[PDB]
2 protein chains.
Amino acid sequence: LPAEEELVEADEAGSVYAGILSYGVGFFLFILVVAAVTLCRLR
Amino acid sequence: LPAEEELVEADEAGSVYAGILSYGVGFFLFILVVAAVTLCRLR
């Protein structure tokens, strides 16, 4: 019962740097809905 | 599910992924000055 050679995958700049994206992306979405409403209501 | 995540010292997402950050970060700065002014001028 030999073992079949199985490839491996390493994690790099995936879930590490992504933590910083939440700031730009997260703020983008929140700003889109926030600015849109605040701006629309200002009209 | 034998597979799992891991962290190691390496260089990645140098000037490649950074291109996507410009969207979040860039919009953040532009939104800060834009929203601030638009909001301030509101009242």
# chains A, B, ... in the order shown; residues from 1 in each chain; ligands from 1
>>> residues_around(residues="residue 28 of chain B", least_positions_apart="6", cutoff="7 Å", atoms="only C-alpha atoms", output="NGL selection string")
:A and (24 or 27-28)
>>> write_last_selection(atoms="C-alpha atoms", output="PDB file, in the first residue's frame")
ATOM      1  CA  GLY A  24      -8.837  50.283   1.555  1.00  0.00           C
ATOM      2  CA  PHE A  27     -13.595  51.724   3.535  1.00  0.00           C
ATOM      3  CA  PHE A  28     -14.435  51.818  -0.174  1.00  0.00           C
TER       4      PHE A  28
END
>>> interface_residues(of="chain B", to="chain A", cutoff="6 Å", atoms="only C-alpha atoms", output="list in words")
residues 6, 12, 24 and 25 of chain B
>>> write_last_selection(atoms="C-alpha atoms", output="compact mmCIF listing (two decimals), in the first residue's frame")
# COMPACT_ATOMS: atom_id res chain seq x y z
CA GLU B 6 0.97 28.36 7.42
CA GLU B 12 5.63 38.38 -2.37
CA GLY B 24 -8.56 50.96 -1.63
CA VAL B 25 -5.82 53.26 -0.37
>>> select_by_dssp(residues="chain B", states="helix (DSSP H, G or I)", output="VMD selection string")
chain B and resid 18 to 42
>>> atom_distance(atom1="atom CA of residue 19 of chain A", atom2="atom CA of residue 36 of chain A")
25.7 Å
